[PDB]
């Protein structure tokens, strides 16, 4: 159609526009990536935002009369206009030449457009692996590992999160080369074996689309893309094409020593000792002995923090250095009563878990002190 037109309640646009205006930024790569694609056809309004690496599509039912067509408009300006109109407003939109008109009451906005024919498409693929799971299960999987992803590393594949299907479980893995996080959850369906890397920005969007309601999450994985559906939202992302490290060989083998302690007391002791750790290197010393943990931190000013804790430990005495931020990131992600630490020696990785659950495991490599 040439004369796109539609009328819809303000309320029906707000959630779609926030979700679709999300995968965007203040500086688009190309001017058209700062716009949303609007399509009207056969009782549906479609809204699409993209950055060429991922895309978000929302569909809105059109009950009132409308004319088919498509255009693109500045995303943030269109969103701000609709949000800024009063509660219960009705919004009438129509194309007039090269401008998109937005009308409500006696408020009139004329927006610039770019041709819909120039807008990118992240469609044109078929899913190989498909499944559904509760939103809470996806949120739990991402929250348990996201903090361990790399930050702008030269090894591009570490700037992402591995998503793995195996048997009846979905698993996530994140690592930055110093520490690793892994979490597996049952989803109730038998799955083929599949491993893909979702990029950093894709992981952020998958989380942002979770509303906490009872709408199930439907995931589709292709060879170079992943797609997630929740209600009338569809999120698509390109996959990172690389070989991710194997977590099963990164887990410490035959752990000689086992320490167990209250999660919160251990966290608060590390958080206090961190204050007097070196602001760049963040190194703390752990001294483990019979039912005792001693944590010490010093900094270039020669200030010192010392924490002594009662723990359950019966192995050989050992001293080991850690970046205190990597330990705190783990303890913050556990949210449990008791934690277990599995150690080998001072120059080898340590495995940290909830003392009650194996669903999540954390591996932190030490520092030399």
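Positions refer to the first chain, counted from 1.
Student: Is the mean CA B factor in the deposited entry higher across 46-54 or across 313-321?
Tutor: So the stretch with the higher mean C-alpha B-factor is 313-321.
Student: Averaging C-alpha B-factors over each stretch, which comes out higher, 253-261 or 204-212?
Tutor: The recorded data point to 253-261.
Student: Would you mind checking which of 115, 160, 231, 245 has the top Cα temperature factor in the PDB entry?
Tutor: 245 has the highest C-alpha B-factor of those listed.
Student: Checking the record values for 369, 8, 365, 4, which has the greatest CA B factor?
Tutor: Spelled out: the listed residue with the top C-alpha B-factor is 369.
Student: In terms of the CA temperature factor given in the entry, to which third of its chain does residue 96 belong: lowest, middle or highest?
Tutor: Ranked within chain, residue 96 CA B lands in the lowest tercile.
Student: When the modelled residues of the chain are sorted by Cα temperature factor, does residue 291 land in the lowest, middle or highest third?
Tutor: For residue 291, the deposited C-alpha B-factor lands in the highest third.
Student: For residue 305, return the chain-relative third of its C-alpha B-factor as stated in the PDB record: lowest, middle or highest.
Tutor: Tercile = lowest for this residue's CA B-factor.
Student: Consider only the C-alpha atoms of the modelled residues in this chain, order them by B-factor as the entry records it, and name the third containing residue 269: lowest, middle or highest.
Tutor: Its C-alpha B-factor, which the entry lists for residue 269, ranks in the lowest third among residues of this chain.
Student: Among all modelled residues of this chain, ranked by Cα B factor, put residue 36 in the bottom, middle or top third, i.e. lowest, middle or highest.
Tutor: Its C-alpha B-factor, which the entry lists for residue 36, ranks in the lowest third among residues of this chain.
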